[PDB]
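If you want the building blocks of each chain, they are given just below.
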Amino acid sequence: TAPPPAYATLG
Amino acid sequence: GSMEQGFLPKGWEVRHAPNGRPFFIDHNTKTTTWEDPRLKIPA
């Protein structure tokens, strides 16, 4: 239901 | 064949979402996926 955090978002 | 999400292919990372579900992160094209790349065979 929700999208996962982007690579730059989690870094 | 053998799947078992534990080890990932080159450029493929795995992380946990705040919801508790694990998601895969492809360093190559900066994309994220909830689908397992090991239970699906690229050929």
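Residues numbered from 1 in each chain as written, not as in the entry; some residues may be left out. Chains lettered and ligands numbered in written order. Heavy atoms only, no water.

Determination of this PDB entry was carried out by solution NMR, according to the record.

## Observations regarding the overall build of chain B
For clarity, the threshold we go by: Numbering of helices and strands starts at the N terminus; helices are DSSP runs of H or I of at least 4 residues and strands are runs of E of at least 2. With a 1.4 Å probe rolled over the protein chains alone, any residue whose accessible area is under 20% of its type maximum counts as buried; one over 50% counts as exposed, and the rest are partly exposed. Any pair of residues with heavy atoms lying within 4.5 Å of one another is described as a contacting pair. Only the protein chains shown count as cover for residues, and the accessible areas themselves come from Shrake-Rupley with a 1.4 Å probe. Just so you know, the count uses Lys and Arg for positive and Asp and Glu for negative, and it drops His and the chain ends. Charged groups are reduced to one reference atom each: NZ for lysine, CZ for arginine, CG for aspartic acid, CD for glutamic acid.
Helix and strand counts for chain B stand at zero helices and three strands. Ordered by position from the N terminus, the helices and strands of chain B form the series β-β-β. The proportion of buried residues among the 43 residues of chain B is 19%. Counted over contacts in chain B with a minimum sequence separation of 6, partners at least 24 positions apart contribute 16%. For chain B, the accessible area works out to roughly 3,500 Å², and carbon and sulfur atoms hold 50% of it. In chain B, which carries 6 positive and 5 negative side-chain charges, the distance between the mean positions of the two groups comes to 5 Å.

## Structural notes on the interface of chain B and chain A
Reports of interface size often rely on the accessible area that becomes lost once the parts have come together. This is how the line gets drawn: What gets called buried area is simply the loss in accessible area from a 1.4 Å probe that two parts show on being joined, summed for both. Salt bridge, as applied in this entry: a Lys or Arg side-chain nitrogen positioned within 4 Å of an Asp or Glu carboxyl oxygen. N or O atoms within 3.5 Å of each other form a polar contact, as long as, within protein, one can give a hydrogen and the other can take it, and as long as residues adjacent in sequence are counted only when both atoms are side-chain atoms.
Across the contact, seven residues belong to chain B and six residues belong to chain A. Taken over both partners, the interface formed by chain B and chain A buries close to 700 Å², and the fraction arising from carbon and sulfur atoms is 72%. On the surface where chain B and chain A come into contact, there are zero salt bridges. Summed over the shared surface of chain B and chain A, the result is one residue pair in polar contact.

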